[PDB]
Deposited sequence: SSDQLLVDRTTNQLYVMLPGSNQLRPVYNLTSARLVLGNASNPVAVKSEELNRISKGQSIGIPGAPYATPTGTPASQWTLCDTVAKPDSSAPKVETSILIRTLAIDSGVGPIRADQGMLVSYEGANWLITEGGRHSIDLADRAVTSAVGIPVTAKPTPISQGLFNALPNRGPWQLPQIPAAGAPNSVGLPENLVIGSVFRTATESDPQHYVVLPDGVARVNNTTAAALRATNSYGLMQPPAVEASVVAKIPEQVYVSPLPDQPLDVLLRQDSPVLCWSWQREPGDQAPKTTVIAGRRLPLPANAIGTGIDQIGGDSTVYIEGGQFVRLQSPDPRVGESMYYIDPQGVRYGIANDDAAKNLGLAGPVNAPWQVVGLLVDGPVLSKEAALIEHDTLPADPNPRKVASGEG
């Protein structure tokens, strides 16, 4: 039995005692108890000690589940001695437009993390050794390029999709044993007669190669071979086929500049059915949001993150590590993570149907206490 005080707004739970919060009183009774409007009936009677969790939220008001979970990285000015980064965690439906849209397939950005340069592309990130000057010239990074800083939260979210390093050619500099003209050396490139194709020379044949990789292969070695020589369409068939596993892209990459693109976001959207959440990479002038919501940034007490959440959430997280299972977490409207020990206890708060949220974004939220029946008595 729960009694709401008329003027103090204090809650008393009766079992065989006052309670800090409505969550604490609903957890202990084993049911989502609506409190009676009793004030002289408890103030004139016996009192006790304050039970319940203090760190827990007052109530658990879930709203419509959030469509997108997004990490946003904002760099006010790249041209600085040491630039500052502001992290925004948007747990709401995103607003896309001409100013802030998702990055194109042939588009990327340069970022510096822990004294290393990374190249944030469409689906992830790649380790670029900016000293590999010929490679950066083939990809499209200008000589006047400079990387900017990037958040740890955003860096972990962006999948590492391998470095942009040409694979070493084991018999480099050796003469062509395949029978191709003596000008062609092993570690060289050949062109052929709509769109022409480039081939790289290897010890046991030749392999096809995109323009970015052909450019970089010639610029890193050359071997005195000015311009790629032409080969017929037939002479290449007698020579065997090999596969160069070059990570470089086909079209040269347009490098976004932070002075034009001050916000870099990564976004996760749970999809229906057996689909895999759609992860998009977004860049722009501002945060991907409507103007009306620009003022509601909840600065996190215990974190360098500004939370733009809309209503409470009930979520389930599945980690790929087997030693880590799957966990339910309640997120209040302030954007604070509160773990839930079990299904029975989730039913005592009126929380049903936890939706899937990412570990990438939910891990960055401040972790408050756990909503267990056992943890109330303290």
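**OP:** Just jot down which stretches of the deposited chain sequence have no CA coordinates, in the order they come.
**Re:** No coordinates exist for the deposited residues in 1-3, 20-24, 47, 203-204, 390-408, so these stretches are absent from the model.
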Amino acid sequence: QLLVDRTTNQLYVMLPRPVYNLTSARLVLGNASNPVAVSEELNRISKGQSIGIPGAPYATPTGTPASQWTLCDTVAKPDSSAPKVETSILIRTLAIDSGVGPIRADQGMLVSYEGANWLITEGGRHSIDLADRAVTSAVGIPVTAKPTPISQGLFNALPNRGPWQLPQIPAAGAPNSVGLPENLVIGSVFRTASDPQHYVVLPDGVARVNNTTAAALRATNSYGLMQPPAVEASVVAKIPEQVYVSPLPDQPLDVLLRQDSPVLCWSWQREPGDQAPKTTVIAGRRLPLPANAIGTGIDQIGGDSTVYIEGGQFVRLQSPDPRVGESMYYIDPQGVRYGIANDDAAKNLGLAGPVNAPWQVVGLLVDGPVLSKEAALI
From here on, numbers count along this sequence of modelled residues.
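Original post:
Averaged over C-alpha atoms, is the B-factor higher for 18-26 or for 354-362 in this PDB entry?
Top reply: Taking the mean B-factor of the alpha carbons in each, 18-26 is higher.
**OP:** Could you check the entry and say whether 29-37 or 42-50 has the higher mean CA B-factor?
**Re:** Between 42-50 and 29-37, it is 42-50 that shows the higher mean C-alpha B-factor.
Original post:
What's the residue among 194, 156, 165, 210 with the greatest CA temperature factor in the PDB record?
Top reply: By C-alpha B-factor in the record, 194 ranks first.
Original post:
Between 228, 147, 303, 262, which carries the biggest CA temperature factor in the record?
Top reply: Going by the entry's C-alpha B-factors, 228 comes out highest.
**OP:** Consider only the C-alpha atoms of the modelled residues in this chain, order them by B-factor as the entry records it, and name the third containing residue 90: lowest, middle or highest.
**Re:** Within its chain, residue 90 is a lowest-third residue by C-alpha B-factor, going by the deposited values.
Subject >> residue 332, C-alpha B-factor rank within chain (lowest, middle or highest third) >> reply: Residue 332: CA B-factor falls in the lowest third of its chain.
**OP:** Could you look up the Cα B-factor of residue 273 in the entry and say which third of the chain it sits in: lowest, middle or highest?
**Re:** Within its chain, residue 273 is a lowest-third residue by C-alpha B-factor, going by the deposited values.
Original post:
Should residue 106 be placed in the lowest, middle or highest third of its chain by the C-alpha B factor in the entry?
Top reply: According to the entry, residue 106 has a C-alpha B-factor in the chain's lowest third.
**OP:** Relative to the other modelled residues of the same chain, rank the CA B-factor of residue 310 and answer lowest, middle or highest third.
**Re:** According to the entry, residue 310 has a C-alpha B-factor in the chain's lowest third.
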